Protein chains: 4
Amino acid sequence: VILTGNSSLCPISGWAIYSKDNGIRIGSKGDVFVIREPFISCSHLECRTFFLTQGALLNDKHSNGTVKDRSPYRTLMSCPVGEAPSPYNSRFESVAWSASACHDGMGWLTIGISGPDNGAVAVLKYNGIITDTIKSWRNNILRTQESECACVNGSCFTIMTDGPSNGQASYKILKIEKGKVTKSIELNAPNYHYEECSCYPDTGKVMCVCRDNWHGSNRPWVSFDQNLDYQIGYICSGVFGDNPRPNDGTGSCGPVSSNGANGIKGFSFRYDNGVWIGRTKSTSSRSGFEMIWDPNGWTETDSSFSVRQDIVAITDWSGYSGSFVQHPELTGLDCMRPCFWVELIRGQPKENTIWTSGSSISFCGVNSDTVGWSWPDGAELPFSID
Amino acid sequence: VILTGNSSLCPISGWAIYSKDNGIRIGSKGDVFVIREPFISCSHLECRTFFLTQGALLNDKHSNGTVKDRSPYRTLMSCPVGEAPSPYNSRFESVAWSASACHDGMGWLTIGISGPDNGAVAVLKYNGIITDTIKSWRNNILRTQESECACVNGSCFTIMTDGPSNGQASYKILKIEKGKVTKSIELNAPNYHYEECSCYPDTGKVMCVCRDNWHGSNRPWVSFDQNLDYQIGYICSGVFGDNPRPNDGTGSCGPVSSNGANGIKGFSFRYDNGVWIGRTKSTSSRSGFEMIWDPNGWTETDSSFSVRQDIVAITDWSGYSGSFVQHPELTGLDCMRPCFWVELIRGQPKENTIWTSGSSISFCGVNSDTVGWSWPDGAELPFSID
Amino acid sequence: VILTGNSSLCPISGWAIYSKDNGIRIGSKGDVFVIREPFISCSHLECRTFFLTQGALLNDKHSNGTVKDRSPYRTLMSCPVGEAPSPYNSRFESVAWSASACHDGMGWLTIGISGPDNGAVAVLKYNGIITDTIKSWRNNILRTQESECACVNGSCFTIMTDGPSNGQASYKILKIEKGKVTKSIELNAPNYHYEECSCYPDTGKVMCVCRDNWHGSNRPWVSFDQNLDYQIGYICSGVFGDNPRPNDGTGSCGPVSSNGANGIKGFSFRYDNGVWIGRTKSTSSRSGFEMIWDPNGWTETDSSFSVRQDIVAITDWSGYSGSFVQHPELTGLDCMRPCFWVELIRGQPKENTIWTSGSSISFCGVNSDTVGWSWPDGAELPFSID
Amino acid sequence: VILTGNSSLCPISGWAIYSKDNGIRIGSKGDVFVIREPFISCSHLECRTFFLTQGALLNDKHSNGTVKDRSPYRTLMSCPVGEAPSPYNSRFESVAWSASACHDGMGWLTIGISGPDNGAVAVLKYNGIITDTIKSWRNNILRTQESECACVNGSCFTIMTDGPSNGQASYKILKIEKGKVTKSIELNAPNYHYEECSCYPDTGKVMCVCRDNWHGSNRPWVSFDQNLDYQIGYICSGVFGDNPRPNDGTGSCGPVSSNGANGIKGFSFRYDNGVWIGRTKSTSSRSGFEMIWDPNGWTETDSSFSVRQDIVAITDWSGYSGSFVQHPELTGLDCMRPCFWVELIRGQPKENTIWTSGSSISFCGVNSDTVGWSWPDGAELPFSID
Ligand SMILES: *[C@@H]1O[C@H](CO[C@@H]2O[C@@H](C)[C@@H](O)[C@@H](O)[C@@H]2O)[C@@H](O[C@@H]2O[C@H](CO)[C@@H](O)[C@H](O)[C@H]2NC(C)=O)[C@H](O)[C@H]1NC(C)=O
Ligand SMILES: *[C@@H]1O[C@H](CO[C@@H]2O[C@@H](C)[C@@H](O)[C@@H](O)[C@@H]2O)[C@@H](O[C@@H]2O[C@H](CO)[C@@H](O)[C@H](O)[C@H]2NC(C)=O)[C@H](O)[C@H]1NC(C)=O
Ligand SMILES: *[C@@H]1O[C@H](CO[C@@H]2O[C@@H](C)[C@@H](O)[C@@H](O)[C@@H]2O)[C@@H](O)[C@H](O)[C@H]1NC(C)=O
Ligand SMILES: *[C@@H]1O[C@H](CO)[C@@H](O)[C@H](O)[C@H]1NC(C)=O
Ligand SMILES: *[C@@H]1O[C@H](CO)[C@@H](O)[C@H](O)[C@H]1NC(C)=O
Ligand SMILES: *[C@@H]1O[C@H](CO)[C@@H](O)[C@H](O)[C@H]1NC(C)=O
Ligand SMILES: *[C@@H]1O[C@H](CO)[C@@H](O)[C@H](O)[C@H]1NC(C)=O
Ligand SMILES: *[C@@H]1O[C@H](CO)[C@@H](O)[C@H](O)[C@H]1NC(C)=O
Ligand SMILES: *[C@@H]1O[C@H](CO)[C@@H](O)[C@H](O)[C@H]1NC(C)=O
Ligand SMILES: *[C@@H]1O[C@H](CO)[C@@H](O)[C@H](O)[C@H]1NC(C)=O
Ligand SMILES: *[C@@H]1O[C@H](CO)[C@@H](O)[C@H](O)[C@H]1NC(C)=O
Ligand SMILES: *[C@@H]1O[C@H](CO)[C@@H](O)[C@H](O)[C@H]1NC(C)=O
Ligand SMILES: [Ca+2]
Ligand SMILES: [Ca+2]
Ligand SMILES: [Ca+2]
Ligand SMILES: [Ca+2]
Ligand SMILES: [Ca+2]
Ligand SMILES: [Ca+2]
Ligand SMILES: [Ca+2]
Ligand SMILES: [Ca+2]
Ligand SMILES: [Ca+2]
């Protein structure tokens, strides 16, 4: 089957909890990878958690976090959703310190970037066979989504960035068919900054909501059709989505400069003029998580919103978050179902350990009754290795 | 295939041992979840053990019992019958501190309740995809069976409770089709109390035998057809089924008030006016287990019975128990086979440990020779974490 | 696919090594069951190692030997051939302190005996579903092969013993179809003793070579056709097959009384008037292993033989051994291939540990070049738990 | 599916990283085999890592390297590519201290050599069933490739050696069909030395590049067609391929005598008159790894070359390396894709441990952009067992 991707996002009123892996609690005794960015991606048959590991287990000396993030040991692996990421249940995908994956209905596409900062190379695999490579074109840390790419009608789409993370860089949309790049376009986006995009298919097109690490505390977006004809902007809501960020106030259709430097991987779902925003509860640290429905937040700059659903209390650590979808071929629904995952980061720099890892929770949007709560990581730090 | 569920319970004379997982003995060294309620549920192809875990392993500090039962860490998992429940052999099912699951012949239905005490939400999944939610309607600990639901002719049925565990609460029957609630009915049951129901199909209808936590030391039951027309009662036998309970004597068709408060999840199988009762051997603690055949015990209040089969000796810990069936589509028989599982609880509050866990045994009803014995947990407590 | 079982044993000249699991060496660190009798059985698709475990892991306190052999914790498990038997790679089969298993071409039959000594019950499963039970008929430790049963033309056959292990007992052949006992016969075998039979199919019939624990240091045998017409005798060769045994000398077609009490599970393959004998190298302890070809040893009493192939040196521990076959439906050959497994027992009573376990090696008969060697267990005892 | 093997090697410009297993880093805490020679072999559906283990885990006393290399404990296993080789994810293949494996499109062939030095026996398996044996014909350590065999048109091909490793030995090509040897030829190769061959299919023929342990610091080669008509030579490039070796200088069509004794398993790919050479960076120790393209290096003796791609830095340990291919039936390409693996050896003799093991990296040849880097093992030695 080919995922057609022609349906629209399902109407939803809230988010129902889908998974929680308790990876760090389990890794206190079991053999569990130290991981980051545990993104979920689904096929027409199953959902999988992808993640990056340094090839080290929790509570082992090799978890010592003084290793660089872009190291030669870092690999992309995947395990079933909701399971602790272990060498005994994880499939190897690619050598990678930056990554993406998605399924077009016939096979898994994985994208793994490795190599040195001045000449990194993305290796594209389709069903685990190398099908293409993309080399850094600006020689300054080629990097990609750290969540699932989006597939429409037999083609898959991703965003890659090359250049500074504290200034103007270069952004490319890629169209990939059976793992071969068939088209690429560099965005003409002066004064924009795109990193770590969350992209989802919707009505035959793709929407990506990303991270401005240069000078925006609201999130940039880019949407495009199957030929990579594109539009760009920033989410206008004064419910600002990045972290760090200022207190909610008047937004902008351009980058909001106050507290704009630095950031966090996040996501949002557009519903016409409205937007569902996932964000941390703290404005200054990666703490808490909440879903906010702003019925005019895509296009209007006020800070008013209609619904807030709690996900993680502000007293608990959160982390990266990303979108994923479940297509009709998987669900049997007539619409595209939006979902998201949250990474719950424990360890350095906020806690007195030698290591850093995340566990994950995930939710799916439903048009039935839901409830806010807090589903935090739950591990008791420090560990015995510390 | 659709499980028709139109056949009657097989004639049986005793219980043959089906599985034993040795989970706690193995968890002394291996990586084994701390678990509760390991109920079994079967498809037309296989049987699985479902269980709730806090995401903690035996002999690890996170197994510390001080965590509340309704925590955000609690998840429903499943593994093959008879295997130690490990993070390396277990499937994730749902985030849940109360749960149910069953198979209709075409897919697994799982029901997992999480969220706060005043607004819990049951997430319904079919083949692992969220298909519906049910929110608390009394705002007082929505909770369900902790054993398998019952499927007949393409619909699956379960019982949910909301309200006090020491007084009158509210009880609903649900009819579920492919994970969607298609009908629900509130029982009109003043002075009844229903919790932790064990439900099985029989001749196109469902029978549930439950736990009266309020004021009954015999077990209440409810049976209903596919339109949710229902009957309610209490098992009349003077062989009382709950724990705690009084000494055997004259029973009642209503709740037996002596020692009626508190209780334990249990089960029974009705055969016309007779009943097979599974119960602890002790009247005051969760110790021992036995199967009693009382040929007039469903409807008559005397305490005489015909057959007793030992399952666990009175000197050994037992725990929760539940029914499961094997349908003709799985066994090739022309009747519905009754089976049951027993949880063997070790640790708190009876033993000097920081943790509480169960292991499991299970038995199938057969019309051939059987024997009583004792198949206890067998772990040597305390563990080194203690 | 039904295994016809109508072919004869392949002509062979020696034994080629098939598998070695290194179970005890691996279990010094990994999570590995303490096991006994690791017998192999094959289907038309795969070969599996079955084994009995006490539900305890090597190097853990629950491996403490003081538990009796016939305990309620003992279970039959299986894993792929050549893998260390772990809770993470093993399938649960049955609760059992004595067992057998085989595949008829369409499904696995397992036989598991549990319960008390005076009333044990064999539980029969077909495809993991209970299909029959057999209760002790002499109330004195019902017991069976501890190796694979034999299947011919849709029926499987096994031997069960009930009664004394130091005197005359009672022996039954069972005919089983889809897990249901369809016929049984009690052997008329005064002065014979049958235990722990190794049975293989050959030309539409079954041949079993067993253990005389009463008063024979040669091995008894029983052969029968699909109607359970049977013949009985003892292997005549002065190359005595049991352990303990006298030095090789003049054999007997009846039980050889010298060193006759006690014994060890073993096997032999009949080729007309000749026999392949597997035995320990020591006459007094379970040390070493060798295959001997005696071209007239089935029917003649001399102690001369033609070929000896070393398997385990006399300076290394051996243990139980049993036959298995690979049918033409598995191999594509036009004959029945004979194979055997050997258990290498470490620990009590010969070594200063708290535990006893076995690892396994296996060999297949081939008509090409082979070599003798020693393939011992290789663990360094004692372990840290000792 | 029969792999035709009639295509030629794909044109390539560099090497893209395919896998990294981090086995030793993970095995610091996880249950991971001590391994050597982790060679990769692919079917039409998947790629697997084969390896030899002594049946011991990292960080356990049985990893003590005083056990000889040709021991009875040594076994050939396989696991998915990129996963740490563990007893929980590895399938058993054969008892072997020297081994080879490949897939003909319909099934796995494995060759495992065991037994004594003066009479070793290769056991050939097809789909895990013993199909043939080959006994030592010179009684002096029969040994084979330690990498994948080459399959063309329903036949698989391998090289075996018997005789001295410091003098003239005897070399045989084998043609194997469904695991049965159908033809063999002894090379007429006076003054040549062939060990540990890396063989690949190319245009209906097989090319093997090997290790001269006697007196060559360049590598010998043998190529042959499906009838085992063959040609022999040595790689002429003054870019010497063995380790140890002299500094780059004038090559030879025969064995280069300077530093010729001893060696390391390696590989090369012929492209007309040019050659891609994989070699260590150090001339004196097993350190570093690089790929060199020499456009006239197959047939000319100068030390000039065109392209160097770094794989492992000279300050990090490397080890054995070998070729593998991905056939068009797996990739969908119209050519034969060349790939290679590198073993990263840690421990004795270079480091102060009791053990020796390898982890692995692998690369595939592509005609797109690539980059040099260093992907070393990354474990911190010594371990706590030391
Ligand atoms: C078994 O179920 C069938 C299936 O029909 C159900 O009808 C829906 C209302 C809903 O309950 C779904 O689960 C099913 O699809 C029953 O057949 C139907 O019965 C109704 C009324 O009796 C009739 O109007 C329909 O036409 C029937 N449909 C079909 C396809 O036959 C059937 O009654 C059930 N059998 C028993 C013994 O209860
Ligand atoms: C590819 O193989 C076919 C088949 O050859 C047979 O099968 C092989 C597995 C092996 O057993 C060979 O020895 C067999 O001959 C070859 O086709 C055969 O060619 C011969 C003449 O050379 C002819 O007599 C047969 O009839 C052919 N058989 C079939 C089924 O076509 C073919 O030549 C091989 N191709 C190459 C390039 O060598
Ligand atoms: C082989 O089996 C055939 C099938 O019939 C059998 O019938 C009953 C009695 C059982 O024994 C059951 O296992 C089988 O289904 C026979 O017709 C045939 O005679 C048997 N013997 C042969 C072919 O030699
Ligand atoms: C998508 O396209 C298919 C035809 O290819 C059509 O049947 C279906 O209704 C379309 N869905 C939407 C939501 O447009
Ligand atoms: C962690 O790494 C740093 C840098 O290599 C090292 O200096 C430090 O001592 C390490 N700490 C531990 C606990 O391993
Ligand atoms: C989908 O792809 C197919 C072939 O790749 C093409 O016919 C069509 O233009 C695309 N668009 C839609 C809406 O199907
Ligand atoms: C159930 O339905 C099947 C098929 O209609 C029938 O063969 C079977 O006998 C029925 N059983 C009962 C008890 O109605
Ligand atoms: C268990 O939890 C209690 C709760 O405060 C804590 O005080 C105690 O130290 C814990 N014990 C262990 C062994 O972790
Ligand atoms: C066994 O039966 C099969 C089925 O027809 C036949 O092909 C084969 O030759 C028979 N073998 C013997 C030894 O009778
Ligand atoms: C083993 O079991 C016996 C049984 O009583 C016990 O007395 C002994 O202390 C145990 N030994 C160890 C080392 O656990
Ligand atoms: C290999 O043989 C097949 C036979 O059908 C042919 O189609 C294919 O093109 C051939 N390839 C080459 C490279 O000769
Ligand atoms: C390793 O093996 C040798 C061989 O007997 C032994 O002498 C030595 O003490 C062992 N060392 C360790 C650390 O186990
Ligand atoms: Ca920002
Ligand atoms: Ca607004
Ligand atoms: Ca009660
Ligand atoms: Ca009664
Ligand atoms: Ca461990
Ligand atoms: Ca004897
Ligand atoms: Ca003789
Ligand atoms: Ca050399
Ligand atoms: Ca040159």
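Residues numbered from 1 in each chain as written, not as in the entry; some residues may be left out. Chains lettered and ligands numbered in written order. Heavy atoms only, no water. Residues with missing side-chain atoms left out of burial classes, pairs and counts.

By the method listed in its record, X-ray crystallography, this PDB entry was determined to a resolution of 2.1500 Å.

As recorded by the PDB entry, chain A carries the name Neuraminidase and is attributed to Influenza A virus. Readers searching the PDB will find this entry under the title "Structure of influenza neuraminidase from strain A/BrevigMission/1/1918(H1N1) expressed in HEK-293E cells".

A.B. asks: So, the overall build of chain A: which residues are in play, and what are the values?
C.D. replies: Looking only at helices and strands, one finds two helices and 24 strands in chain A. The C-alpha radius of gyration of chain A comes to 19 Å, within 12% of the 21 Å expected for a compact globule of 386 residues. The principal-axis extent of the C-alpha atoms belonging to chain A is close to 50 × 45 × 45 Å. Pairs at least 24 residues apart make up 59% of the contacts formed inside chain A by residues separated by at least 6 positions. (Helix = DSSP H or I, 4+ residues; strand = E, 2+ residues; numbered from the N terminus. Rg over C-alpha atoms; globule rule 2.2 N^0.38 Å. Contact = heavy atoms within 4.5 Å.)

A.B. asks: Please give an account of the UniProt feature "active site" in chain A that cites residues and values.
C.D. replies: All names here are of chain A. This chain's UniProt record puts "active site" on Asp69 and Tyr320. As for its placement among the helices and strands, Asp69 is situated in the loop between strand 3 (47–57) and strand 4 (75–80). Contacts of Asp69, omitting those with residues within four sequence positions, involve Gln54, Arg74 and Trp97. Looking at where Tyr320 falls in the secondary structure, it is placed in the loop between strand 21 (307–317) and strand 22 (321–326). Discounting chain neighbours no more than four positions away, the residues touching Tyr320 are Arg36, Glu196, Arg211, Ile264, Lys265, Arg286, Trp341, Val342, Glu343 and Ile345. Polar side-chain contacts of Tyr320 include one of 2.8 Å to the side chain of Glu196. (UniProt positions renumbered as here; feature names shortened; annotations may be inferred. Polar contact = N/O pair within 3.5 Å; in protein donor to acceptor, adjacent residues only side chain to side chain.)

A.B. asks: Tell me about the interface of chain B and chain A, residues and numbers included.
C.D. replies: If you look at the interface, chain B gives 40 residues, while chain A gives 39 residues. Of all elements in the fold, only strand 3 (47–57), strand 5 (91–95), strand 8 (121–126) and strand 9 (129–135) of chain B reach the threshold of two or more residues within the side of chain B that touches chain A. Top element by residues in the side of chain B that touches chain A is strand 9 of chain B. It accounts for five residues.

A.B. asks: An account of the arrangement of the chains is requested, with residue identities and associated values reported.
C.D. replies: Between chain A and chain C there is no contact, and the shortest C-alpha to C-alpha separation is 9 Å. There is a clear gap between chain B and chain D: no contact, and 9 Å between their nearest C-alpha atoms.

A.B. asks: Quick one: what's the story with the pairing of strand 9 of chain B, residue by residue and with numbers?
C.D. replies: Residues and elements named next belong to chain B. With five of seven residues buried, strand 9 lies mostly within the body of the structure. Sheet topology note: the strand 8/strand 9 ladder contains six bridges and is antiparallel. Within the sheet, the bridge partner assigned to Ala122 lies in strand 9 and is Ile134. Linkage of strand 8 to strand 9, two consecutive antiparallel strands, is achieved through a turn of two residues, within which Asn127 is found at a positive phi near 55°. (Buried < 20%, exposed > 50% of the residue type's maximum accessible area, 1.4 Å probe, protein only. Pairing = 2+ DSSP bridges.)

A.B. asks: Got a sec to walk through the relation of the copies chain C and chain B? Specific residues and values, please.
C.D. replies: Each copy of the sequence occupies a distinct position, and chain C is placed on chain B by a rotation of 90° and an axial shift of 0.1 Å, giving an RMSD of 0.1 Å. Such a turn and shift between the copies fits a four-fold axis. The position closest to the rotation axis in chain C is occupied by the C-alpha of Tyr88 of chain C, lying 4.5 Å away. Mapped onto chain B, only 10% of the interface residues of chain C are again interface residues, and the two copies thus contact each other with different surfaces. (Least-squares fit on C-alpha atoms.)

A.B. asks: Account for the relation of the copies chain B and chain A, with residues named and values stated.
C.D. replies: Turning chain B through 90° and shifting it by 0.2 Å along the axis lays it on chain A, with an RMSD of 0.1 Å. A share of only 12% of interface residues in chain B that are also interface residues in chain A marks the association as one of differing surfaces.

A.B. asks: Pulling in residues and values, what's your account of the state of the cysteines?
C.D. replies: Residues and elements named next belong to chain C. Per the counting criterion, the structure on display carries 26 disulfides over all chains. Disulfide partner of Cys10: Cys335, at an S-S distance of 2.1 Å. Disulfide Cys10 to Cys335: torsion about the S-S bond roughly 95°, handedness right-handed. With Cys10 in the segment before strand 1 (14–20) and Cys335 in the loop between helix 2 (328–331) and strand 23 (337–347), the pair connects residues that are 325 residues apart, well separated along the chain. Residue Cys10 shares its accessibility class with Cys335, and that shared class is buried. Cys151 shares a disulfide with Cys156; S-S distance 2.1 Å. Residues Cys151 and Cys156 share a disulfide whose torsion about the S-S bond is about 100°; that sign makes it right-handed. Judged by its relative accessible area of 4%, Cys151 is buried. (Disulfide = S-S within 2.5 Å.)

A.B. asks: Before we move on, could you go through the sheet that holds strand 5 of chain B and cite the residues and values that matter?
C.D. replies: Residues and elements named next belong to chain B. Across the sheet, which stays open at both edges, the four strands sit in the order 2-3-4-5 with antiparallel pairing between neighbours. Looking at which strands have only one partner, the edges of the open sheet turn out to be strand 2 (33–42) and strand 5. Recorded for the sheet is a direction-independent mean angle of 30° between the axes of neighbouring strands. (Axes fitted to C-alpha atoms, helices over the stretch in contact; angles between N-to-C directions.)

A.B. asks: For the coordination of the calcium ion (ligand 21), give the residues involved together with the corresponding values.
C.D. replies: All names here are of chain D. The coordination sphere of the calcium ion (ligand 21), as far as protein atoms go, consists of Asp294 (OD), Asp294 (OD), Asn296 (OD1), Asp302 (OD) and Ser304 (O), spread over 2.4 to 2.6 Å. Sequence positions of the residues that donate to the calcium ion (ligand 21) give the spacing D-x1-N-x5-D-x1-S. Accessibility expressed as a relative area gives 1% for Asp294, which makes it buried. (Donors = N, O, S within 2.8 Å, 3.2 Å for Na, K, Ca; no water.)

A.B. asks: Tell me about the environment of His44 of chain A, and please be specific about residues and values.
C.D. replies: All names here are of chain A. Tracing the chain through its elements places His44 in the loop between strand 2 (33–42) and strand 3. Under the relative-accessibility criterion, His44 is labelled partly exposed at 22%. Along the sequence, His44 and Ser28 sit 16 residues apart, while their C-alpha atoms lie 34 Å from each other. Apart from residues no more than four positions distant in its own chain, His44 is found in contact with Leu3, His103, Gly105, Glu329 and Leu330.

A.B. asks: With reference to specific residues and values, describe the pattern of salt bridges.
C.D. replies: Should their charged atoms come close, side chains of opposite charge can pair. The tally for this structure, following the rule as stated, stands at 67 salt bridges over all chains. The salt bridge involving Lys29 of chain D is made with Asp31 of chain A; its shortest N-O contact spans 2.9 Å. Of the two residues, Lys29 of chain D sits in the loop between helix 1 (23–27) and strand 2 (33–42) while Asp31 of chain A sits in the loop between helix 1 (23–27) and strand 2, which places them in two different chains. The burial state of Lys29 of chain D is the same as that of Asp31 of chain A; both residues are buried. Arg211 of chain A is the salt-bridge partner of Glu196 of chain A, the closest N and O atoms lying 2.8 Å from each other. Taken together, the residues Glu196 of chain A in strand 14 (residues 195–202) and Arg211 of chain A in strand 15 (residues 205–211) connect sequence positions 15 residues apart. (Salt bridge = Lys/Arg side-chain N within 4 Å of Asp/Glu carboxyl O.)

A.B. asks: Can you tell me about the interface of chain C and chain B, naming the residues and giving the values?
C.D. replies: Listed per partner, the contact involves 39 residues of chain C and 39 residues of chain B. Of the roughly 3100 Å² buried where chain C meets chain B, counting both sides, 60% is carbon and sulfur surface. Applying the counting rule to chain C against chain B returns one salt bridge. For the pair chain C and chain B, the interface holds 18 residue pairs in polar contact. Of all the secondary-structure elements, those providing two or more residues to the side of chain C that touches chain B are strand 3 (47–57), strand 5 (91–95), strand 8 (121–126) and strand 9 (129–135) of chain C. Top contributing element to the side of chain C that touches chain B by residue count: strand 9 of chain C, with five residues. For the side of chain C that touches chain B, the per-class residue count stands at 16 nonpolar, 13 polar and 10 charged. (Buried area = accessible area lost by both parts, 1.4 Å probe. Nonpolar A, V, L, I, M, F, W, Y, C, P; charged D, E, K, R; others polar.)

A.B. asks: I'd like to hear about the side chain of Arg279 of chain D, residue by residue, with values.
C.D. replies: Residues and elements named next belong to chain D. For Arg279, the position within the fold is in strand 19 (residues 274–279). The buried category is assigned to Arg279, whose relative accessible area is 5%. One polar contact links the side chain of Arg279 to the main-chain carbonyl oxygen of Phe240, over a distance of 2.8 Å. With residues near it in sequence (within four places) discarded, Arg279 still touches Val239, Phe240, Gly241, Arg245, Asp248, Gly288, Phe289, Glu290 and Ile292.

A.B. asks: Quick rundown of the coordination of the calcium ion (ligand 16)? Include the residues and the values.
C.D. replies: Protein coordination of the calcium ion (ligand 16) is provided by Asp294 of chain B (OD), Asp294 of chain B (OD), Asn296 of chain B (OD1), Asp302 of chain B (OD) and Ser304 of chain B (O), with donor distances spanning 2.3 to 2.8 Å. Within one chain, the residues donating to the calcium ion (ligand 16) are spaced in sequence as D-x1-N-x5-D-x1-S.

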